[PDB]
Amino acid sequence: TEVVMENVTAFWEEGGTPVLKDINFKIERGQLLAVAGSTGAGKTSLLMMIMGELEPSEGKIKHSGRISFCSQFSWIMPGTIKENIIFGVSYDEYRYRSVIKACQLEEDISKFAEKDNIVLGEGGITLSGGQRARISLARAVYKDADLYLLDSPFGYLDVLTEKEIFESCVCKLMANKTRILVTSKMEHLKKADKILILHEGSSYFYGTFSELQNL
């Protein structure tokens, strides 16, 4: 067992309404959990509990090891595209290349005269929303970790590009890794080992896509 929540209830504000209520799930090592639900349902808050920024008022939580987190809000720091993706981690050519390929960034990078040394975040290039999202995803995936927390990482991408990168990056490149993906897309829920649908803090559904189909 790699990540467990058992009867978890939590509050952002003392005496407030709970942001998560009686949440239950289990992820085995190397599995994929999809976390879905409407705005404000508590999906990012769930990831924050795993990262220790939100403590449970009821229930138990299990997780161990290093975390790599991809925010739903893409970001860039001043530096090259290579520096933004490696972001202080040791460099390896093969690992870097495999990530940028899985994230479709090789096409973008190949069009620049400076290639991977193009400078971002310093007033030169203005990246599109989808470029910034794929760079942010690549940064999180390049980091070596035991658990990957990918919070709606496909912002600004069209549905086919999102499908392709879900398959090449989250399913293929990351096949051996424990992953929690916040996402609402049907194919992602179908390919996940488990699905957790949140609604106003509560567990709307927890199980497999197959079990939901059977209902």
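Position 1 is the first residue in the sequence shown; the rest follow in order. Superpose the two forms; the largest set of C-alphas matching within 1.5 Å is the rigid core.
- For 117 to 125 versus 73 to 81, the mean Cα distance to the shown form in 8 other deposited structures of this protein after rigid core alignment is larger for 117 to 125.
- If you average the C-alpha B-factors over 108 to 116 and over 92 to 100, the higher value belongs to 108 to 116.
- The PDB entry reports B-factors from which the mean C-alpha value can be compared for 139 to 147 and 123 to 131; the larger average falls on 123 to 131.
- The PDB entry assigns the greatest CA B-factor among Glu187, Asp158, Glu55, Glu167 to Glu55.
- Set against one another, the Cα B-factors of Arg179, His63, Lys172, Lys43 in the record reach their highest point at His63.
- Compared with the other modelled residues of the chain, the Cα B-factor recorded for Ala10 ranks in the highest third.
- In the deposited entry, the Cα temperature factor of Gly30 places it in the middle third of its chain's modelled residues.
- In this PDB entry, the Cα temperature factor of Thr17 sits in the top third of its chain's modelled residues, the highest group.
- When the modelled residues of the chain are ordered by C-alpha B-factor, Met48 sits in the middle third.
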